[PDB]
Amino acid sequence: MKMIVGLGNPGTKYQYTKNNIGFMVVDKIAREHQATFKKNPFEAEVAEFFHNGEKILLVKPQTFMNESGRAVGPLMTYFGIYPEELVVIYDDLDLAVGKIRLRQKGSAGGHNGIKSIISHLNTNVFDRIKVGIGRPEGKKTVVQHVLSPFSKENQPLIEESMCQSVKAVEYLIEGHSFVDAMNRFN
């Protein structure tokens, strides 16, 4: 019973920011599967759907980025999902715009989002889909970069990456191991 977490900040004003790439992906997944998100006791938005029997959960934590694990951890202990079934989808500064990178473990940049999930799952090992958002080529700081939207030149690139992210999650859905998909998509 897979859980697919897409990281992000809550609110209309962050709905097109680089840091909400995870939200955008799990929204694409939700639409493709005709699923609706409902507010959940554990600071999250949760869409349920099936795919022959098996129950997939889509999770947008409403905790803000650095407290994601406060939502993800309890919600896994609630539904009974193990970390082997988890897939977290999020932004990655040190990966180029247009590129995606599936990894099964790691420190995961200096990502605050992942750091919270580590703390509350108490494991460094779980599947992840890094979507590259690039680093600031202008005068912006990191915080300005992630909490701003993409350029017009980068926008089609990220639509490419977001489709890939979806196709990877549909690959996993169709019964393929994350290791297979790591080879297929990395």
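Residue numbers here begin at 1 and follow the sequence given.
For the pair 105 to 113 and 76 to 84, the mean Cα B-factor is higher in 105 to 113. Annotation for 136 to 144 versus 64 to 72: the higher mean temperature factor (C-alpha) is found in 136 to 144. Take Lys55, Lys28, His120, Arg128 and read off each C-alpha B-factor from the entry; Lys55 has the highest. Among the modelled residues of its chain, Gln15 has a C-alpha B-factor that falls in the middle third, as given in the PDB entry. When the modelled residues of the chain are ordered by C-alpha B-factor, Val169 sits in the middle third. In the PDB entry, a CA B factor belonging to the middle third of its chain's modelled residues is recorded for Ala35. In the PDB entry, a CA B factor belonging to the lowest third of its chain's modelled residues is recorded for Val59.
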